[PDB]
Amino acid sequence: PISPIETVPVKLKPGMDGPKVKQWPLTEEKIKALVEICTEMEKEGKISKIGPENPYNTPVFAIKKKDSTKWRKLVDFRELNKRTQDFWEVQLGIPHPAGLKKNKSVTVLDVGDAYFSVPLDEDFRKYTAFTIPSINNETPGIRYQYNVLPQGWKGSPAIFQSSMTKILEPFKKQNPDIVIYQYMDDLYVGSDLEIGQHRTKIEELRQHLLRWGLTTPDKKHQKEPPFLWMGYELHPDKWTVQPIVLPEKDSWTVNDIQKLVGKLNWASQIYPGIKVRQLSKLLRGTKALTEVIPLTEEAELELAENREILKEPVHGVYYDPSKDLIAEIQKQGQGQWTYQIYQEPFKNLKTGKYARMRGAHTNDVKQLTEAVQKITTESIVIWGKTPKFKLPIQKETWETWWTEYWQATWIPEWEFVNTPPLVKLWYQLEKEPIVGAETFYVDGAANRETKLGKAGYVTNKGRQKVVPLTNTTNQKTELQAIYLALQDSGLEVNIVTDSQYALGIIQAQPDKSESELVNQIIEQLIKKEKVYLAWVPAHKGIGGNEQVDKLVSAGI
Amino acid sequence: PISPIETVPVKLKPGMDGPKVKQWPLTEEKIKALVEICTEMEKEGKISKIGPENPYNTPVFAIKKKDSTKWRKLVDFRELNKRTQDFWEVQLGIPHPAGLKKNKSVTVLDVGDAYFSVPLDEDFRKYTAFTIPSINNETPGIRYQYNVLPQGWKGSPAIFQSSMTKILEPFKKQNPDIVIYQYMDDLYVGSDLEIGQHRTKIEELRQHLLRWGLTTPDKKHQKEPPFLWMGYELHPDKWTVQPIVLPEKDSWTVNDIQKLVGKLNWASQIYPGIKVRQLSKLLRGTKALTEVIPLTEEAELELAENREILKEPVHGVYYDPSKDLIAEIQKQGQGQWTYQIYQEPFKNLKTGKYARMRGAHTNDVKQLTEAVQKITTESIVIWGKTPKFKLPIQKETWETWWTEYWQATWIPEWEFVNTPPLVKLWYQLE
Ligand SMILES: COc1ccc2c(c1)N(C(=O)OC(C)C)[C@@H](CSC)C(=S)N2
């Protein structure tokens with residue numbers, strides 16, 4: 001049944017014309033199966049035979065699924081989709097179960113083939129044209145043309161949604177309180193009316209729709225209470241994804257690890273603590289899906305650690321605005337952090353994770369704040385609100401940090417919390433130069449081509465030292481020189497550098513870097529009493545720099 | 001009321017289709033507020049909901065421009081401007097009165113509402129499409145297109161230029177010694193007469209305007225400690241400075257000399273020919289730090305002579321209108337921040353220092369946003385162009401909190417700095 005609703009005007013991308021594909025015939029039983037549908041599709045008015053005029057073709061596939069009983073066809077408008085104008089984004093994102101409201105009764109209606117009920121613009125029909133020659137191609141005039149929204153076509157979804165939005169409006173107002181949502185071929189209706197008062201209203205909606213032209217052949221609520229919406233498992237007061245199973249192999253490929261990382265990533269929503277750190281760390285190699293990446297003990301100790309979690313069911317609660325929002329975060333180490341957002345304690349609303357990847361060595365605090373951000377962001381995306389923050393940070397360590405750092409930030413409403421993995425700044429590089437402490441003029445360099453470097457220092461009291469290095473970088477040398485300077489010094493020290501780069505990392509105050517050298521330096525910094533770092537230019541610089549590099553150079 | 005007035009055909013540069021821009025997710029209150037606004041504007045005939053046939057989009061925001069009571073719907077037209085107006089920067093472009101800067105006192109006032117009566121080209125309206133975001137994607141986005149002239153848009157005042165000029169003439173005639181620039185929904189008015197006389201002269205224009213049309217310069221009111229009353233009152237009679245400032249005392253120890261030389265070495269990239277060598281000579285001997293070493297002979301020649309090149313900078317004072325301005329601010333001491341506008345690195349056209357009283361609301365973001373806003377007006381007045389900003393702040397961070405303290409009608413282009421520069425000194429430039 002065709003819907004009377006007004007059809008939106010559709011044109012082709014400027015100066016373009018529609019498809020002309022006079023397809024290669026098939027005298028198969030398929031050619032009769034075609035008209036079996038057509039000369040019964042036109043009866044329902046979905047299509048219409050058009051005259052031998054200008055209307056140009058689009059390929060028909062007479063196929064049918066593996067013994068589908070009902071042999072159903074489908075025209076593929078691949079070339080038409082190319083020609084048609086651009087519409088508004090349908091899949092502008094999906095709603096997240098994390099910020100929905102508690103509903104007494106929810107219903108879902110099947111809006112498939114409802115695309116087929118909504119009509120198509122008259123000054124456009126001609127483009128969806130198609131012909132189909134039978135016996136000996138001596139009867140070509142079996143030329144049909146669509147009147148509704150063609151399955152698979154470009155406009156089809158964006159228009160349908162619009163038409164439905166249009167259609168639901170009068171109904172959404174005769175009873176404002178009941179909310180409706182729609183997507184693809186599903187209609188998630190919902191309200192807080194007693195089952196009977198509720199189930200009647202549904203049949204009311206059904207008749208309304210049916211009064212236009214759309215159809216819901218399913219007598220009532222046909223979709224079983226537990227729903228598989230975009231994988232998610234939906235129940236009246238809880239949510240998850242029941243089918244969350246990842247197989248164990250022994251010699252897998254990049255192809256398979258990608259799906260793993262992704263299924264794991266998916267699970268991060270409710271399952272607290274899931275880490276994909278080492279799990280993804282390996283995929284970093286130049287992509288070739290069929291190449292087998294051998295697992296590391298870390299990658300092994302991570303999956304099973306995850307399997308442990310994923311083995312048992314854990315659900316998610318729903319949103320209730322009347323109650324305030326709160327989020328808590330905590331560190332897992334190696335850059336991994338994890339969060340949970342709740343309202344009622346241990347009434348898990350949603351969870352997730354952040355990890356500072358690729359861009360190595362950074363401060364712990366910058367991470368925590370980078371974390372807050374993802375959350376802040378994702379909250380607005382969901383609840384349109386920003387949560388109260390429960391985070392392991394001493395107020396003074398934050399005060400000093402933003403008062404120290406160069407880049408700008410703002411962490412809203414937050415409160416302290418204790419958990420062993422506490423975030424704090426272990427050291428601070430001295431602001432002013434330490435008076436009694438020895439001055440280590442330092443320098444480092446390497447023969448970029450040969451990779452053989454020499455690192456070292458000289459002190460105010462002529463305490464020199466130079467140590468060789470091979471298969472290292474010019475920068476590795478620069479840092480090695482500082483570590484050296486730290487080692488051989490007392491509790492308080494003043495160190496001066498030639499490289500601006502070197503300076504940066506130390507001032508950045510990181511911790512727990514995978515880089516073996518940086519850790520060593522970090523530990524030295526923590527062990528120290530006071531450390532004043534200074535920076536002077538590399539080449540034209542003096543102050544000792546006009547000797548410390550003549551001391552560390554040899555080879556070319 | 002649908003006005004039968006004739007419109008001007010708006011066609012952009014071919015090979016450039018309309019803005020398909022992602023709408024930032026907004027706060028609940030902010031959304032309801034936009035809905036309020038739009039619903040009334042819809043009745044007023046101003047804007048109209050559209051269908052799927054319109055794929056274009058533009059970001060909308062919610063501001064508290066007045067004095068933070070009612071919500072102002074701000075539209076991010078940045079793209080459309082690019083997409084149309086850079087060819088209508090010539091076609092019907094409003095020229096800049098190059099002395100507005102040399103002027104003694106200027107005032108800015110909303111003239112946005114003016115464009116609302118006037119209609120927008122039928123075949124172009126589609127490009128003004130914007131979307132009000134539904135929370136958690138609950139419902140489909142709310143889509144309208146402007147039917148009249150858009151506030152944020154740069155093409156709007158261009159069209160109204162004719163109408164504006166006319167509505168200005170009586171004031172322009174009786175008052176010649178007063179300049180009037182129109183960059184967007186704002187009118188900049190400059191005078192060389194003092195405050196008292198000037199405010200009464202402004203009220204005059206406001207009155208004049210309001211007389212000559214429902215063009216309403218929104219109400220005068222106070223705020224901060226030493227109580228103000230009407231319009232944003234700038235004073236470009238002092239829009240110049242030398243924020244360099246070397247240590248007039250701290251030049252005794254090794255470190256002081258060490259640190260000194262580096263800033264001087266960076267200054268070399270800007271002010272050419274700076275003698276640092278003779279001064280850096282009394283360092284070479286690897287001597288201890290904190291050692292109070294008195295300054296030598298030939299080394300003093302490198303200071304005093306190059307300390308006067310720091311108080312007299314002239315070179316490529318030139319400004320290319322074919323190129324764009326780039327302003328980069330950097331976080332300094334608690335309350336202070338420092339900006340630098342240039343078009344080609346080191347070639348610094350304007351260099352200033354911003355600083356909001358540390359105490360009122362010691363917020364980090366507010367400060368920056370405030371800065372940018374000011375830094376920008378500083379540009380318009382002096383060049384009639386908004387700079388691309390190199391922001392020392394996290395992308396995601398800004399995209400969240402900017403719209404909060406944004407009391408401007410316009411929105412400049414921006415970028416984010418993810419790198420710490422040695423550039424930060426006691427008083428720094430670029
Ligand atoms: C067991 O299914 C549900 C349980 C709670 C909710 C929903 C479905 N919601 C929905 O939009 O359907 C899909 C897209 C999730 C709506 C009520 S249906 C309008 C809300 S506010 N909370």
# chains A, B, ... in the order shown; residues from 1 in each chain; ligands from 1
call {"tool": "residues_near_ligand", "arguments": {"ligand": "ligand 1", "cutoff": "6 Å", "atoms": "only C-alpha atoms and all ligand atoms", "output": "ChimeraX atom specification"}}
result
/A:97,100-103,106,179-181,188-190,234-236
call {"tool": "residues_around", "arguments": {"residues": "segment 473-485 of chain A", "least_positions_apart": "5", "cutoff": "10 Å", "atoms": "only C-alpha atoms", "output": "ChimeraX atom specification"}}
result
/A:439-459,465-468,490,493-503,505-506,517-525,533
call {"tool": "residues_around", "arguments": {"residues": "residue 438 of chain A", "least_positions_apart": "5", "cutoff": "12 Å", "atoms": "only C-alpha atoms", "output": "JSON, numbers by chain"}}
result
{"A": [433, 458, 459, 460, 461, 462, 463, 485, 486, 488, 489, 490, 491, 492, 493, 494, 495, 496, 530, 531, 532], "B": [286, 287, 288, 289, 290, 291]}
call {"tool": "write_last_selection", "arguments": {"atoms": "N, CA, C and O atoms", "output": "CSV table (one decimal), in the first residue's frame"}}
result
chain,number,residue,atom,x,y,z
A,433,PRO,N,69.5,28.1,40.6
A,433,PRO,CA,70.7,27.3,40.8
A,433,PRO,C,71.1,27.1,42.2
A,433,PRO,O,71.2,28.0,43.0
A,458,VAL,N,82.3,17.5,32.3
A,458,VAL,CA,83.4,18.2,32.9
A,458,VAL,C,82.8,19.0,34.0
A,458,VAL,O,81.6,19.4,33.9
A,459,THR,N,83.5,19.2,35.1
A,459,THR,CA,82.9,19.9,36.2
A,459,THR,C,83.7,21.1,36.6
A,459,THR,O,84.9,21.3,36.2
A,460,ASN,N,83.1,22.0,37.4
A,460,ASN,CA,83.7,23.2,37.9
A,460,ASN,C,85.1,22.9,38.5
A,460,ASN,O,86.0,23.7,38.4
A,461,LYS,N,85.2,21.7,39.1
A,461,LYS,CA,86.5,21.3,39.7
A,461,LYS,C,87.1,20.3,38.8
A,461,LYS,O,87.5,19.2,39.3
A,462,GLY,N,87.2,20.6,37.5
A,462,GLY,CA,87.8,19.7,36.6
A,462,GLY,C,87.6,18.2,36.7
A,462,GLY,O,88.6,17.4,36.5
A,463,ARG,N,86.4,17.7,37.0
A,463,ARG,CA,86.0,16.3,37.2
A,463,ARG,C,85.5,15.8,35.8
A,463,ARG,O,84.3,15.8,35.6
A,485,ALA,N,76.0,12.4,34.3
A,485,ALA,CA,76.1,13.6,35.2
A,485,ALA,C,75.5,13.4,36.5
A,485,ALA,O,76.0,13.8,37.6
A,486,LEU,N,74.3,12.7,36.5
A,486,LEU,CA,73.5,12.4,37.7
A,486,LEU,C,74.2,11.4,38.6
A,486,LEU,O,74.3,11.5,39.8
A,488,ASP,N,77.5,10.1,38.8
A,488,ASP,CA,78.7,10.6,39.5
A,488,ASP,C,78.6,11.9,40.4
A,488,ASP,O,79.6,12.3,40.9
A,489,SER,N,77.4,12.4,40.5
A,489,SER,CA,77.2,13.6,41.4
A,489,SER,C,76.7,13.2,42.8
A,489,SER,O,76.3,12.0,43.0
A,490,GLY,N,76.7,14.2,43.7
A,490,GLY,CA,76.2,13.9,45.0
A,490,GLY,C,74.7,13.9,45.2
A,490,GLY,O,74.0,13.2,44.4
A,491,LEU,N,74.1,14.6,46.1
A,491,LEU,CA,72.7,14.6,46.4
A,491,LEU,C,72.1,15.8,45.7
A,491,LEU,O,70.9,15.7,45.2
A,492,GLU,N,72.8,16.9,45.6
A,492,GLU,CA,72.3,18.1,44.9
A,492,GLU,C,73.3,18.4,43.8
A,492,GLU,O,74.5,18.3,44.0
A,493,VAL,N,72.7,18.7,42.6
A,493,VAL,CA,73.6,19.0,41.4
A,493,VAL,C,73.0,20.0,40.4
A,493,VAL,O,71.8,20.2,40.3
A,494,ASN,N,73.9,20.6,39.7
A,494,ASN,CA,73.6,21.6,38.7
A,494,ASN,C,74.1,21.0,37.4
A,494,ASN,O,75.4,20.8,37.3
A,495,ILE,N,73.3,20.8,36.4
A,495,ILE,CA,73.7,20.2,35.2
A,495,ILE,C,73.3,21.1,34.0
A,495,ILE,O,72.2,21.6,34.0
A,496,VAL,N,74.2,21.3,33.1
A,496,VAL,CA,74.0,22.2,31.9
A,496,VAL,C,74.1,21.4,30.6
A,496,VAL,O,75.1,20.7,30.4
A,530,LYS,N,68.3,17.9,45.2
A,530,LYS,CA,68.0,19.1,44.4
A,530,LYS,C,68.7,19.0,43.1
A,530,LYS,O,69.8,18.4,43.0
A,531,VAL,N,68.1,19.5,42.0
A,531,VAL,CA,68.7,19.4,40.7
A,531,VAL,C,68.4,20.6,39.8
A,531,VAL,O,67.2,20.8,39.3
A,532,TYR,N,69.3,21.5,39.6
A,532,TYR,CA,69.1,22.6,38.7
A,532,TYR,C,69.6,22.4,37.3
A,532,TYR,O,70.8,22.1,37.1
B,286,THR,N,84.6,27.2,31.7
B,286,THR,CA,83.9,26.1,32.5
B,286,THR,C,83.7,26.4,34.0
B,286,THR,O,83.5,25.5,34.8
B,287,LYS,N,83.8,27.7,34.3
B,287,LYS,CA,83.7,28.2,35.7
B,287,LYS,C,82.5,27.7,36.4
B,287,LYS,O,81.5,27.4,35.8
B,288,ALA,N,82.5,27.6,37.8
B,288,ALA,CA,81.3,27.1,38.5
B,288,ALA,C,80.1,28.0,38.4
B,288,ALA,O,80.2,29.2,38.0
B,289,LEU,N,79.0,27.5,38.7
B,289,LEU,CA,77.7,28.2,38.6
B,289,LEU,C,77.5,28.9,39.9
B,289,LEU,O,78.1,28.5,40.9
B,290,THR,N,76.7,30.0,39.9
B,290,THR,CA,76.5,30.8,41.0
B,290,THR,C,77.7,31.6,41.4
B,290,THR,O,77.7,32.4,42.4
B,291,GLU,N,78.8,31.5,40.6
B,291,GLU,CA,79.9,32.3,40.9
B,291,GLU,C,79.7,33.7,40.4
B,291,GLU,O,79.4,33.9,39.3
call {"tool": "select_by_dssp", "arguments": {"residues": "segment 182-301 of chain B", "states": "helix (DSSP H, G or I)", "output": "PyMOL selection string"}}
result
chain B and resi 195-211+254-267+277-280+298-301
call {"tool": "atom_distance", "arguments": {"atom1": "atom CA of residue 98 of chain A", "atom2": "atom CA of residue 187 of chain A"}}
result
19.0 Å
call {"tool": "residues_around", "arguments": {"residues": "residue 137 of chain A", "least_positions_apart": "2", "cutoff": "12 Å", "atoms": "only C-alpha atoms", "output": "list in words"}}
result
residues 23, 24, 25, 26, 27, 31, 131, 132, 133, 134, 135, 139, 140, 141 and 142 of chain A
call {"tool": "write_last_selection", "arguments": {"atoms": "N, CA and C atoms", "output": "tab-separated table (two decimals), in the first residue's frame"}}
result
chain	number	residue	atom	x	y	z
A	23	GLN	N	21.38	-4.25	-19.73
A	23	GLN	CA	21.87	-5.55	-19.24
A	23	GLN	C	21.78	-6.78	-20.15
A	24	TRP	N	22.75	-7.69	-19.98
A	24	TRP	CA	22.83	-8.93	-20.74
A	24	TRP	C	21.74	-9.89	-20.22
A	25	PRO	N	20.80	-10.28	-21.10
A	25	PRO	CA	19.67	-11.17	-20.80
A	25	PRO	C	19.98	-12.57	-20.24
A	26	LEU	N	18.95	-13.16	-19.63
A	26	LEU	CA	19.03	-14.50	-19.03
A	26	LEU	C	17.67	-15.18	-19.18
A	27	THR	N	17.53	-16.05	-20.18
A	27	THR	CA	16.26	-16.75	-20.43
A	27	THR	C	15.92	-17.83	-19.38
A	31	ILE	N	13.85	-15.37	-15.24
A	31	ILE	CA	13.16	-14.33	-15.99
A	31	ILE	C	11.65	-14.35	-15.75
A	131	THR	N	14.53	-2.87	-17.72
A	131	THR	CA	13.82	-3.73	-18.66
A	131	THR	C	14.26	-5.18	-18.43
A	132	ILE	N	13.46	-6.13	-18.91
A	132	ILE	CA	13.79	-7.55	-18.75
A	132	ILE	C	13.29	-8.49	-19.87
A	133	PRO	N	14.14	-8.76	-20.90
A	133	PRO	CA	13.81	-9.64	-22.04
A	133	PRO	C	13.69	-11.12	-21.65
A	134	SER	N	12.62	-11.75	-22.14
A	134	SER	CA	12.35	-13.15	-21.82
A	134	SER	C	12.92	-14.22	-22.76
A	135	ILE	N	12.01	-14.92	-23.44
A	135	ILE	CA	12.30	-16.01	-24.36
A	135	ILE	C	13.38	-15.83	-25.44
A	139	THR	N	10.53	-9.62	-27.00
A	139	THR	CA	9.50	-8.97	-26.19
A	139	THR	C	10.27	-8.19	-25.12
A	140	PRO	N	10.89	-7.07	-25.52
A	140	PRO	CA	11.68	-6.21	-24.64
A	140	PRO	C	10.87	-5.27	-23.74
A	141	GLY	N	9.69	-4.87	-24.22
A	141	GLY	CA	8.83	-3.95	-23.48
A	141	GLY	C	8.27	-4.36	-22.13
A	142	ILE	N	9.12	-4.93	-21.28
A	142	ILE	CA	8.72	-5.35	-19.94
A	142	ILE	C	9.45	-4.37	-19.03
call {"tool": "closest_residue", "arguments": {"among": "B:172, B:65, B:20, B:220", "to": "chain A", "atoms": "only C-alpha atoms"}}
result
B:20
call {"tool": "closest_residue", "arguments": {"among": "A:375, A:304, A:274, A:526", "to": "chain B", "atoms": "only C-alpha atoms"}}
result
A:375
call {"tool": "select_by_dssp", "arguments": {"residues": "segment 66-163 of chain A", "states": "strand (DSSP E or B)", "output": "ChimeraX atom specification"}}
result
/A:74-75,84,101,105-108,119,130,144-146,148
call {"tool": "residues_around", "arguments": {"residues": "segment 88-103 of chain B", "least_positions_apart": "4", "cutoff": "12 Å", "atoms": "only C-alpha atoms", "output": "PyMOL selection string"}}
result
chain B and resi 8-13+80-84+107+153-162+164-165+177-184+188-194+234-240+321-322+377-385
call {"tool": "closest_atom_pairs", "arguments": {"of": "chain A", "to": "chain B", "cutoff": "6 Å", "atoms": "only C-alpha atoms", "output": "CSV"}}
result
residue,atom,partner,partner_atom,distance
A:86,CA,B:55,CA,5.9
A:87,CA,B:55,CA,4.4
A:88,CA,B:55,CA,4.1
A:94,CA,B:137,CA,5.9
A:95,CA,B:137,CA,4.8
A:158,CA,B:52,CA,6.0
A:381,CA,B:25,CA,5.5
A:382,CA,B:136,CA,4.2
A:384,CA,B:27,CA,4.4
A:385,CA,B:27,CA,5.9
A:406,CA,B:331,CA,6.0
A:407,CA,B:392,CA,4.9
A:408,CA,B:393,CA,4.8
A:439,CA,B:288,CA,5.8
A:460,CA,B:288,CA,4.6
A:542,CA,B:284,CA,4.4
A:543,CA,B:284,CA,3.8
A:544,CA,B:286,CA,3.9
call {"tool": "closest_residue", "arguments": {"among": "B:243, B:231, B:412, B:117", "to": "residue 79 of chain B", "atoms": "only C-alpha atoms"}}
result
B:412
